[PDB]
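Here the structure is laid out as structure tokens; the discussion comes afterwards.
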Amino acid sequence: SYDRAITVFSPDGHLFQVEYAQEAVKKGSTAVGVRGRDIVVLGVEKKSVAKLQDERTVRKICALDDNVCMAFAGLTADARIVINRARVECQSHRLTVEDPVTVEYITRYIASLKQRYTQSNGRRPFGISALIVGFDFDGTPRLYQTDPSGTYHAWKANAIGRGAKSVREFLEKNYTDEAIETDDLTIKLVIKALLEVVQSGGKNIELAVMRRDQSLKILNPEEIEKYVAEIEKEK
Amino acid sequence: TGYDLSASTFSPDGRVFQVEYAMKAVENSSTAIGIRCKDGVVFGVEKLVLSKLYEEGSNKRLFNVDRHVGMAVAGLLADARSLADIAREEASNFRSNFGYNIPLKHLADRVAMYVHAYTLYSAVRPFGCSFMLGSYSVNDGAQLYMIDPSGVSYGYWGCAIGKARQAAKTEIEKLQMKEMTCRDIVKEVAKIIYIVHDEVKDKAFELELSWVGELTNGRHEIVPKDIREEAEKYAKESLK
Amino acid sequence: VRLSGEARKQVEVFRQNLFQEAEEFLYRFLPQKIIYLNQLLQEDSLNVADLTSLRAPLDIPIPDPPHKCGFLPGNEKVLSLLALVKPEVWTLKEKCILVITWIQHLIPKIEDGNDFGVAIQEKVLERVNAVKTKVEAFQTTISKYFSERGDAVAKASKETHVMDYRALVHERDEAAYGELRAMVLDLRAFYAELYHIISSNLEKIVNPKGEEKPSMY
Amino acid sequence: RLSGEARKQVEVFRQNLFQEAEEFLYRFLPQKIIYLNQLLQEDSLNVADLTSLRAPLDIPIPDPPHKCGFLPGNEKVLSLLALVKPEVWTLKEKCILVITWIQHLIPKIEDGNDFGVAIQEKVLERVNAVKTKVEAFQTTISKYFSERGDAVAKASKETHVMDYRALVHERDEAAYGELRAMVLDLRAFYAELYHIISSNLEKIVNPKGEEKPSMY
Amino acid sequence: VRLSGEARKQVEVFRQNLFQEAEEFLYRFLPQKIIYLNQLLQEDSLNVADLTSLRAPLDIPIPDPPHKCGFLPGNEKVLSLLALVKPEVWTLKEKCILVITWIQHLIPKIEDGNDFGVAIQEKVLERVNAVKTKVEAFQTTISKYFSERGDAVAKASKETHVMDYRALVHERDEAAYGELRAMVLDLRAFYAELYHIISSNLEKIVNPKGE
Amino acid sequence: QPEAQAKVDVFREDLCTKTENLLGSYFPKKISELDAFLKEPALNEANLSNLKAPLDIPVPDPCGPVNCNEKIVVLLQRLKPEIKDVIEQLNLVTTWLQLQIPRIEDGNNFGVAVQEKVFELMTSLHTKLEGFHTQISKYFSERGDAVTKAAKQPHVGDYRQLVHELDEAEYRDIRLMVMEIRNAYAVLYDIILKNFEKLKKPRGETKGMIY
Amino acid sequence: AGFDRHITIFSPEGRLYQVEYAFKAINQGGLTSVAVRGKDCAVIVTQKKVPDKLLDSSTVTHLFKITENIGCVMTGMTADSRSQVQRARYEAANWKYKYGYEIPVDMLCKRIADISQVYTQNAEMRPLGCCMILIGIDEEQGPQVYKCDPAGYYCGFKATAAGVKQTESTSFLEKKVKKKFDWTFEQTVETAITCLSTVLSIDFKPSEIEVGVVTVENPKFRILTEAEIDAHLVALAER
Amino acid sequence: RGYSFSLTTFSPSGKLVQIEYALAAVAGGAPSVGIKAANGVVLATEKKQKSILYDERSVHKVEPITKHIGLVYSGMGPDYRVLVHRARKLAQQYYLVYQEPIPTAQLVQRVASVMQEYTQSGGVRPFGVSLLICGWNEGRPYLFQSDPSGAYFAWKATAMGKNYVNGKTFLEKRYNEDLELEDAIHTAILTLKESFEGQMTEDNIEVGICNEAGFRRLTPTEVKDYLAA
Amino acid sequence: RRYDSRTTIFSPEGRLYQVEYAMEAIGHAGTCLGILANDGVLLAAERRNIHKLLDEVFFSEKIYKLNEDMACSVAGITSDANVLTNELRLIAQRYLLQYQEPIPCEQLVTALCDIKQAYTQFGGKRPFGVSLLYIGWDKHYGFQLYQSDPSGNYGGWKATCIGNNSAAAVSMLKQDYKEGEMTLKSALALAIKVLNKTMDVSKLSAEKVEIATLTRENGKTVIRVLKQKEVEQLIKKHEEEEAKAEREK
């Protein structure tokens, strides 16, 4: 009745197509983000190799710029478009104001794009939610989340995608100032959280870190194996 | 049956029913008649007075679309006023380009084509107005034209539009307009309008008349009130 | 509405009992009943091949062309098979009632959209109501058998010269046996169909509206 | 949380239903079609003049102004009934099996990609229709004895009226015609079941279809 | 299908005879029936003012307060009215069948569009079937009159103490007269409605898909 | 398994040949035969007083055996085979059309709709003809019940009339049944002949090869 | 169905039923037009029906002059006819402007017909419910007769008719060409008038018909006067 | 369902069904036959006229796009002319750019691109016509077909229109690659002779040939001479 | 009721059913195959058109060359395929004009996939009902095989098949393909094997398949289509090997 067009409000004022896009996000692979004191760690599950596929082509985590990166859960093609648009906006902002982009600026831009696609019929919402991580000029860690609706919110730590409810409950339990004390502890926290919802530990998680003034580093599979081994042993 | 919803559509039996539905619009209107005689063309309208509050000389259905032509309308007054603006624009453009007053046949053809544009496209409805146009020029002579919502245009020695079209047409038919002169034709127009007016259904009317002819030196104008009063008294007397 | 603590306790008790009983039924009772009815139809009595084995004597004195009828028993085979079947049909009707109530209590607040989950709930409700009507039909025909056979034997005794009533009594018994084996087959099929549909759509049944949204509001 | 026993039980039921469906579809249907064709070829079903199957009724005609002996049922029609009745019950059983097989093949309810589900419901309504017709045939078979017994009892009670005697003969005739029609439509029903199932088998067994590239 | 010459001739003669009979019924028989029903309505027997006049004599002995029944005849008036109306009823049913099959033969090959003609044809045959079912209902009531009056008369004779059965018999006769008069009126109305519908929509009925 | 398809295809080929022969020869021939029976003097009788059959029941101031109307019985005896035959042919063509229904597919549902319409008319014909078959059976029972009521109540006059009226009604119904069976044969032939291309070949052999 | 009610969508049999309805729209008018060619002349005749006495008989016409040497007769909706006439006049003048010579009758018909095609392919607008028949003299080919229809078919003809009695009229004309001996101007006009009068049963008077002609001697399209029409009519009755 | 009416809607099972309906519109069109001989290619189609009144010279079903290319159609006549004008224009654009006659393969690619361009937009309908585009380039013959879908195929010989399946079977029975066009025209008229349901005459058919000389429409006298056999 | 229309409405459970229906279309298409080897990469396809009266005038019906350094094979609607290949060639030549270097394979695939995503998102146009495999050599990552779908989503595959019986092709390739051990000859033999398994025809005709190989020779990529004699030899060798394997048992 009222779920076929984005423009039409429902009785009780629910816009339902954007809700359906938010539901589409839930289908996607899990992603998790956590703010350490000097690190921001972004972890994403890997669906499966399929044994005849090249892993390099598929990468959920991406770097918008030197100081900002994102991970997504939702439609992969839409994510690719949004990533490219945010990258060109990053370089354009540097061009315009001779300064590097702030994490809140880029998440605002991505949210504005998603909002622009929601408002008008003849265009469908981007079926993605994103986890944007970066370090600002002051050096404070920043974690933001975006959704198809176009609202953005800072999170100390969060998850998106399938099993987001379970892993975020686990993270609400586990997260504390103590865990954020160590960079290795932050990485281990996100690894344990993804382990809460994933078939196998090392094979099916792709993880990355950003340090205070370093570029994004996708942790090697051997490093992830070492960290899960340390996590597994402690239990 | 979804054939009648749009004017782009055709009925399976070859009928565009939206246009006919728009033709039914004018029949809601109060009657209006125009008669052509040797000297010129006389127009008359039965303007029903909906309320005492409304000012006299308001809701005018007789428009001047150029100095030498006048327009009388039946159907939706909004569409009619818009069509009058279109006709005035066409006449002004004709004067500006070709350097002289527009021939009535050509003006009728252009406004009729503008009307006919709307019957084709789905986005926009047909006009809800049927209107008569009349002019006198020493070269062309007296000319009376009527345009339906379809965009059909024809020349009428006498014409009627609106609710009482058929009765008005027989009354006009028994007139011999060709020999007659305008100052008599105003009286007979008043007679016909008073006849066709239904006192029971329609509470009251104020006769609105105009003419164009040699007596005006070829300018359409509203009737002088003395002549209006004379014609109205004659119509009331003849009504019995 | 204002509720006492005792009222809330009573309602929550009914709710938790219904949920746990539905879980127990579909996970445990349904497989057990499926195999029980399966072995029962595999039983030799239900698979009688020669129907003249089923027909039982009616001691109506045939009228010689020109004294009284002794006690005319019911068909032992058919009544024993009926004694087996009747618990099963009544049990299935009870369990379908339980499933209906479980799904209905799981129906959420009425809402403008996200009604696909409640649509699934309505579809499975349509199916369970259909099997409910079917088992009610079974329950009435089992009584129709007794009433019809009694009327038939009464007619045969009253009009001895008519043999068509005697043939009718035998035919009622045979048709009853056929109906009973089809019945146990249908009961097993209904248990299995309930299991399949509920197990397949349990996620939307238990949680129709779904997980909480990001709350753009 | 299924037990191992529970999962094994439902698994064996599903597999047995599938095997029985395949066996019926590819073996039983052809055999029954040819067998019912043979029955139709048989002279008993092909009786031409129904005056032959008219059976004598020995109720004493009343003299113009004592007890009727044992009045038998018509041997021909009751024998034809003995032939046709098992086949009717068999078809009802097999159509129930087809219904169960299709219902087990119906997938999880989801929006979209519902054309296979629609095909499943369409074939399901067709098999339900033949179920209705065969149970109706069973009811006609059952009612024949009762109505003919009432007719012959009435004819005996009122010997003066011969319309009841004509009614007994007419009931026998109509029963023979109905039995031939029943056998004919049983053959037709088996063939129609085979046709719909074989033609739409791919969607019936696999409604949603092959797994997609998974845009997610 | 291979068409034999004799088979083609047989189908052609059937179609020819049907169309000829349709024209004949519409233009010759139907107005003749309308005038016949008009004069039948004008007859005095069918416009009896006082229904108590046709109250039949039911002679069954009043029981003495605290012997046998003679032959009780049926009401000659309603029987005569039945003798008049029943042929017209069955005749209309027959002609309705003729019109139905005529229309069905005029229905063309199924095609995707230009279906307004077949829609008109379907509407007309739907009305004709409605007329036929009403006519069959008249036949049912005509059959019911005899059985109902017989049941009532038998009940009154069996139970002479209860006078309401005698009153019922008289009521059955009165209701029969009213129903039969209504039957004649609506038979005329059905004939006229059939003419009106067919004549008004004849062009599309005979030629639905344009040319 | 291909052997099952082989046997079923043999059955469907037999059905196609039988149905084609049915339309080619049997339907036209039966139309001819049934109109011949219709025009026979026996079916159309000027006066139903001749149709009336005697009731030897005594009249008041144990009855001799009453007899069926031989007229009605002979007419029914010739009619009943026609009803059985037309029902059999209708079942044959119905099964044939059901077998020709194609695999369900999203596109090109035209041709399936044609089969659906023809199937609808076949279903309607089946219903009406089964009603005729039921009517023939119930006539004897109604006449028997009426004469038994008359015997139980000799005094009641209108039970005699009920018997006679049942006979007359059955006569008129018999002629109407003959008419309707004729028209059923004709309309079935007409519809199937007109729509045969789509009925036999719903989807069509054409393949676009957009892929 | 729903396969009608939009011009774009094709039927499952690929027929585009809407344009076929536009063809019916021509017959809805109740008028007929006939055109027949001759060795040295081409003529167009059509019924002229004045519903009311008050209507000026001069104004009502279905014969229009696209250019000095081409004439047309329109059958169908009066408004669509007038619009197509205006478009034809514009096309003819634009052809003269661009290419320096008078438009051929065939090319005018082709231009109008392909315009009708763009109408029958685009969604929002509807085919004009009218039919055109163009007559002119081409120096190379002699007389010409052509017809546009709402679909975009523009074929040339020896003789044609349009309107309600088209099938009867073309049956009549087909017989006359089959017994081909010639057609001079008088015989051409007589054939046209006899065709129209026979199919309608009218037995016309001069007011009821309007005729237009082109001739190799006088190439300009002219609409004959009532006197000339009566002269031809009386000649028909006398013989 | 809704898939039937829309042109930008994939039906379930992934069919653009409006295009299939346009192909059905093509199938109703008159028979057309194309046979690629070794030294030429013949295009033939029936030009059956409703009445004698029709003037055959007025319109032609076989049209030259260029000196060395010509084509024939089965389907909608107006759509045929829209695309024949567009094809001539495309060929002239090629000649302006490259100053060489356009290759037949390139022309069929471009017109098929146009036909595809029409299918995508909802406001327009597909062209209800298919074409057989024949040409002689680089001392080689060519024959192509372009459907309403916007797809094109290369046929040694093929038929479109009514009874196209039966005509194609007759062709594959009769087709030999070694055929010269003198024989191929005979085979083509026979292929049409299968499907007329009338007595073919010089007027009732239109046929054209391509060769090293170029495309031409052989006259009524020529087709009479070939028909005499 | 119906959330499958207009390609711009997220259905409940958040699925775009128009693109899924388009993905259904490619399954009907003729099977296409691509295998990656150490020395080269190949494309093999089944020429579904096997009408007797068809001419093999073109370079290939399914295989297209997009650039000096890459090629593609297409499964799906041929008209949309033609459009996509034209767009691909223009994209590659635009990159060459701008940077005066050959287009990277992944970049070209990504650009076309961006187009295909765009057609999904905006209302009027339908999604491209096409799936096509890309093969190319680039200096950065060497030989590469890529697959794309109507959704606009792409991936890198060592070996994959699209079209009819793609699942059977992938199942056969999974067991047979040796990672890091293939050569172009062995990959050709594997291609013949999986094509014979998938294709309904008992004998691969050698006119019912088209095989093309991409190799780097003398510092320049060469894209070659194996001629009918070469593929005839290949099927003969496969038949002999399979029969000998049969003969041993």
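Chain labels A, B, ... are given in the sequence in which chains occur in the structure tokens; within each chain residues are numbered consecutively from 1, and ligands are likewise numbered from 1 in the order shown.
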
Can you pull out every residue within 10 Å of residue 151 in chain E, counting only C-alpha atoms, but drop anything in the same chain fewer than 4 positions away, and send it as a compact mmCIF listing (two decimals) with N, CA, C and O atoms, in the first residue's frame?
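File produced: part-v5.txt:
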# COMPACT_ATOMS: atom_id res chain seq x y z
N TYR E 145 -47.51 -26.04 -7.49
CA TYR E 145 -48.90 -25.77 -7.13
C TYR E 145 -49.68 -27.05 -6.89
O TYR E 145 -50.40 -27.18 -5.89
N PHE E 146 -49.56 -28.02 -7.80
CA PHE E 146 -50.33 -29.25 -7.69
C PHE E 146 -49.94 -30.03 -6.44
O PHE E 146 -50.80 -30.46 -5.67
N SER E 147 -48.64 -30.20 -6.23
CA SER E 147 -48.18 -30.97 -5.08
C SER E 147 -48.54 -30.29 -3.77
O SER E 147 -48.95 -30.95 -2.81
N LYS E 155 -53.97 -33.13 3.96
CA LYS E 155 -53.81 -32.83 5.37
C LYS E 155 -55.12 -32.38 6.00
O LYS E 155 -55.44 -32.76 7.13
N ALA E 156 -55.90 -31.57 5.27
CA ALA E 156 -57.19 -31.14 5.79
C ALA E 156 -58.15 -32.31 5.92
O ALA E 156 -58.89 -32.41 6.92
N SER E 157 -58.17 -33.20 4.93
CA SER E 157 -59.06 -34.36 5.00
C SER E 157 -58.64 -35.31 6.11
O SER E 157 -59.48 -35.86 6.82
N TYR E 165 -55.82 -25.78 7.75
CA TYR E 165 -55.45 -26.45 6.50
C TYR E 165 -56.42 -26.11 5.38
O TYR E 165 -56.01 -25.94 4.22
N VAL E 169 -55.53 -24.26 1.89
CA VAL E 169 -55.85 -24.69 0.53
C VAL E 169 -56.39 -23.51 -0.27
O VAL E 169 -55.98 -23.26 -1.42
N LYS F 149 -49.22 -41.69 -3.72
CA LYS F 149 -50.02 -40.76 -2.94
C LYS F 149 -51.48 -40.82 -3.36
O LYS F 149 -52.38 -40.78 -2.51
N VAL F 156 -58.31 -37.38 -2.95
CA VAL F 156 -57.59 -36.17 -3.35
C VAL F 156 -57.52 -36.12 -4.87
O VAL F 156 -56.92 -36.99 -5.51
N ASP F 158 -56.22 -33.65 -7.00
CA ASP F 158 -55.09 -33.05 -7.71
C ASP F 158 -53.86 -33.95 -7.79
O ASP F 158 -52.92 -33.59 -8.49
N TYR F 159 -53.83 -35.08 -7.09
CA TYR F 159 -52.70 -36.00 -7.27
C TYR F 159 -52.73 -36.64 -8.65
O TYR F 159 -51.68 -36.87 -9.27

Practice prompt. Return the neighbours of chain A among the residues of chain D, cut-off 12 Å, counting only C-alpha atoms, as a count of residues only.
Written response: 3

Discussion item. Just to confirm, what's the straight-line distance from CA of residue 137 in chain E to CA of residue 89 in chain E in Å (one decimal)?
Written reply: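 For CA of residue 137 in chain E relative to CA of residue 89 in chain E, the distance reads 10.2 Å.
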
Item to complete: With a distance cut-off of 6 Å and only C-alpha atoms, select the neighbouring residues of range 6-19 of chain H, excluding the residue or stretch itself and same-chain residues fewer than 3 positions from it, and output the selection as a PyMOL selection string.
Response: (chain H and resi 3+22+122) or (chain I and resi 21-22+24-25+126)

For those residues, write N, CA, C and O atoms to a file as an mmCIF file, in the first residue's frame.
data_model
loop_
_atom_site.group_PDB
_atom_site.id
_atom_site.type_symbol
_atom_site.label_atom_id
_atom_site.label_comp_id
_atom_site.auth_asym_id
_atom_site.auth_seq_id
_atom_site.Cartn_x
_atom_site.Cartn_y
_atom_site.Cartn_z
ATOM 1 N N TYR H 3 4.799 -7.967 -16.109
ATOM 2 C CA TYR H 3 5.904 -8.170 -17.046
ATOM 3 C C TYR H 3 5.444 -8.024 -18.493
ATOM 4 O O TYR H 3 6.216 -7.589 -19.354
ATOM 5 N N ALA H 22 7.072 -8.345 -30.165
ATOM 6 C CA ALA H 22 7.467 -7.683 -31.402
ATOM 7 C C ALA H 22 7.941 -8.699 -32.436
ATOM 8 O O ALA H 22 7.679 -8.555 -33.638
ATOM 9 N N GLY H 122 11.067 3.332 -22.022
ATOM 10 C CA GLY H 122 9.687 2.909 -21.843
ATOM 11 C C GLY H 122 8.718 3.695 -22.706
ATOM 12 O O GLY H 122 7.702 3.163 -23.157
ATOM 13 N N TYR I 21 16.117 -11.326 -11.535
ATOM 14 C CA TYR I 21 15.462 -11.840 -12.729
ATOM 15 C C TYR I 21 16.378 -11.713 -13.937
ATOM 16 O O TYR I 21 16.373 -12.570 -14.828
ATOM 17 N N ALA I 22 17.168 -10.641 -13.986
ATOM 18 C CA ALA I 22 18.155 -10.489 -15.047
ATOM 19 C C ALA I 22 19.252 -11.540 -14.934
ATOM 20 O O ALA I 22 19.684 -12.112 -15.940
ATOM 21 N N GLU I 24 18.805 -14.377 -13.815
ATOM 22 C CA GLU I 24 18.179 -15.595 -14.314
ATOM 23 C C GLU I 24 18.368 -15.731 -15.820
ATOM 24 O O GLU I 24 18.459 -16.846 -16.342
ATOM 25 N N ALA I 25 18.424 -14.606 -16.535
ATOM 26 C CA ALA I 25 18.482 -14.653 -17.993
ATOM 27 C C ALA I 25 19.790 -15.256 -18.486
ATOM 28 O O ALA I 25 19.802 -16.002 -19.471
ATOM 29 N N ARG I 126 16.310 -0.513 -17.724
ATOM 30 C CA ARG I 126 16.410 -1.849 -17.170
ATOM 31 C C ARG I 126 17.867 -2.172 -16.838
ATOM 32 O O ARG I 126 18.784 -1.576 -17.408
#

Item to complete: Quick one: pick out all alpha helix (DSSP H) residues within chain C from a backbone DSSP run and write them as a ChimeraX atom specification.
Response: /C:5-24,30-42,76-106,116-158,164-200,202-206

Give me a file of those residues, with C-alpha atoms, as a compact mmCIF listing (two decimals), in the first residue's frame.
# COMPACT_ATOMS: atom_id res chain seq x y z
CA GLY C 5 1.17 -8.39 39.40
CA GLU C 6 -0.95 -11.52 39.70
CA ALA C 7 -2.63 -10.75 36.36
CA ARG C 8 0.73 -10.22 34.65
CA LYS C 9 1.96 -13.46 36.22
CA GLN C 10 -1.05 -15.43 34.97
CA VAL C 11 -0.72 -14.05 31.44
CA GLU C 12 3.04 -14.66 31.34
CA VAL C 13 2.47 -18.19 32.63
CA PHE C 14 0.02 -18.93 29.82
CA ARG C 15 2.42 -17.40 27.29
CA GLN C 16 5.50 -19.33 28.44
CA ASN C 17 3.52 -22.58 28.68
CA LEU C 18 2.26 -22.09 25.13
CA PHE C 19 5.71 -21.29 23.74
CA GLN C 20 7.48 -24.19 25.46
CA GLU C 21 4.69 -26.62 24.55
CA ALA C 22 4.82 -25.56 20.90
CA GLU C 23 8.60 -26.02 20.84
CA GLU C 24 8.34 -29.43 22.51
CA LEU C 30 5.81 -34.56 15.62
CA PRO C 31 8.69 -36.89 14.62
CA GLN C 32 7.46 -39.52 17.06
CA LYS C 33 3.93 -39.34 15.68
CA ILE C 34 5.18 -39.38 12.08
CA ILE C 35 7.01 -42.65 12.62
CA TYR C 36 4.18 -44.07 14.73
CA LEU C 37 1.58 -43.46 12.01
CA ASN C 38 4.06 -44.69 9.40
CA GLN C 39 4.55 -48.03 11.14
CA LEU C 40 0.81 -48.21 11.80
CA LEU C 41 -0.03 -47.97 8.10
CA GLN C 42 2.77 -50.47 7.49
CA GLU C 76 -14.79 -56.39 14.61
CA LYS C 77 -12.04 -55.45 12.16
CA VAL C 78 -13.45 -52.00 11.41
CA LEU C 79 -14.20 -51.16 15.04
CA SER C 80 -10.70 -52.23 16.12
CA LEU C 81 -9.14 -50.09 13.39
CA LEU C 82 -11.40 -47.23 14.50
CA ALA C 83 -10.26 -47.69 18.10
CA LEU C 84 -6.73 -47.25 16.80
CA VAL C 85 -7.53 -44.24 14.61
CA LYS C 86 -9.73 -42.11 16.90
CA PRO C 87 -6.99 -41.16 19.43
CA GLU C 88 -4.79 -40.03 16.56
CA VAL C 89 -7.35 -37.76 14.90
CA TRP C 90 -8.39 -36.15 18.18
CA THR C 91 -4.72 -35.72 19.12
CA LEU C 92 -3.97 -34.04 15.80
CA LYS C 93 -6.89 -31.65 16.26
CA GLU C 94 -5.60 -30.74 19.73
CA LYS C 95 -2.08 -30.09 18.43
CA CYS C 96 -3.34 -28.00 15.51
CA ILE C 97 -5.26 -25.88 18.03
CA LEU C 98 -2.03 -25.43 19.98
CA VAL C 99 -0.15 -24.37 16.84
CA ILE C 100 -2.92 -21.92 15.92
CA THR C 101 -2.78 -20.29 19.33
CA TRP C 102 1.02 -20.16 19.30
CA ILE C 103 1.11 -18.37 15.95
CA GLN C 104 -1.74 -16.04 16.93
CA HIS C 105 0.02 -14.98 20.12
CA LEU C 106 3.11 -14.41 17.98
CA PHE C 116 5.59 -9.51 5.08
CA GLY C 117 6.33 -11.41 8.29
CA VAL C 118 2.73 -11.21 9.43
CA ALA C 119 1.77 -12.28 5.90
CA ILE C 120 3.87 -15.42 6.40
CA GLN C 121 2.15 -15.93 9.75
CA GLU C 122 -1.22 -15.57 8.03
CA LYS C 123 -0.28 -18.07 5.32
CA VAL C 124 0.81 -20.73 7.81
CA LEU C 125 -2.37 -19.97 9.74
CA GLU C 126 -4.35 -20.58 6.55
CA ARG C 127 -2.69 -23.97 6.18
CA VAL C 128 -3.21 -25.03 9.80
CA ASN C 129 -6.87 -23.97 9.66
CA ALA C 130 -7.25 -26.03 6.48
CA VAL C 131 -5.93 -29.18 8.16
CA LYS C 132 -8.16 -28.36 11.15
CA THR C 133 -11.22 -28.45 8.90
CA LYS C 134 -9.97 -31.69 7.35
CA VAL C 135 -9.59 -33.43 10.70
CA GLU C 136 -13.04 -32.20 11.72
CA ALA C 137 -14.33 -33.88 8.55
CA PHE C 138 -12.60 -37.09 9.67
CA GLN C 139 -14.20 -36.75 13.10
CA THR C 140 -17.71 -36.41 11.70
CA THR C 141 -17.39 -39.22 9.14
CA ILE C 142 -16.33 -41.71 11.83
CA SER C 143 -19.72 -41.12 13.50
CA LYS C 144 -21.47 -41.15 10.13
CA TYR C 145 -20.15 -44.69 9.65
CA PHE C 146 -21.86 -46.02 12.78
CA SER C 147 -25.14 -44.20 12.17
CA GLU C 148 -25.30 -45.28 8.53
CA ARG C 149 -24.42 -48.92 9.24
CA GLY C 150 -27.01 -49.11 12.02
CA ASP C 151 -29.67 -47.69 9.72
CA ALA C 152 -28.62 -50.11 6.98
CA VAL C 153 -28.85 -53.23 9.15
CA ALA C 154 -32.18 -52.04 10.53
CA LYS C 155 -33.46 -51.67 6.97
CA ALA C 156 -32.13 -55.11 6.01
CA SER C 157 -33.84 -56.77 8.98
CA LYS C 158 -37.09 -54.89 8.35
CA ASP C 164 -29.48 -54.60 -1.69
CA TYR C 165 -29.53 -53.45 1.94
CA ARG C 166 -27.31 -56.41 2.86
CA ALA C 167 -24.93 -55.55 0.03
CA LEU C 168 -25.05 -51.97 1.29
CA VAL C 169 -24.01 -53.02 4.80
CA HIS C 170 -21.02 -54.88 3.37
CA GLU C 171 -20.21 -51.90 1.14
CA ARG C 172 -20.35 -49.51 4.09
CA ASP C 173 -17.82 -51.68 5.91
CA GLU C 174 -15.49 -51.81 2.89
CA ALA C 175 -15.73 -48.07 2.20
CA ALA C 176 -15.07 -47.46 5.89
CA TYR C 177 -11.86 -49.50 5.74
CA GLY C 178 -10.68 -47.59 2.67
CA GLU C 179 -11.51 -44.26 4.32
CA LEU C 180 -9.63 -45.28 7.47
CA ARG C 181 -6.40 -46.17 5.67
CA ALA C 182 -6.61 -42.94 3.67
CA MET C 183 -7.26 -41.22 7.01
CA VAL C 184 -4.12 -42.48 8.75
CA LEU C 185 -2.14 -41.58 5.63
CA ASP C 186 -3.59 -38.06 5.74
CA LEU C 187 -2.94 -37.71 9.48
CA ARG C 188 0.73 -38.57 8.99
CA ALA C 189 0.89 -36.19 6.03
CA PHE C 190 -0.67 -33.37 8.07
CA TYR C 191 1.83 -33.86 10.90
CA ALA C 192 4.67 -33.77 8.38
CA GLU C 193 3.33 -30.72 6.54
CA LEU C 194 2.97 -28.85 9.84
CA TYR C 195 6.57 -29.71 10.69
CA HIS C 196 7.86 -28.66 7.27
CA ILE C 197 6.07 -25.32 7.02
CA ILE C 198 6.75 -24.31 10.63
CA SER C 199 10.42 -25.35 10.52
CA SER C 200 10.97 -23.59 7.19
CA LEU C 202 10.09 -20.31 11.97
CA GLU C 203 12.28 -17.20 11.82
CA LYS C 204 9.55 -14.96 10.43
CA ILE C 205 6.90 -16.76 12.50
CA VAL C 206 8.65 -16.13 15.82

Could you produce a table of the residues of chain B lying within 10 Å of chain E, with the nearest pair of atoms per residue and their separation in Å rounded to one decimal, using only C-alpha atoms, ordered by chain and increasing residue number, as JSON lines?
{"residue": "B:1", "atom": "CA", "partner": "E:116", "partner_atom": "CA", "distance": 9.4}
{"residue": "B:11", "atom": "CA", "partner": "E:116", "partner_atom": "CA", "distance": 9.1}
{"residue": "B:12", "atom": "CA", "partner": "E:114", "partner_atom": "CA", "distance": 5.8}
{"residue": "B:13", "atom": "CA", "partner": "E:210", "partner_atom": "CA", "distance": 7.8}
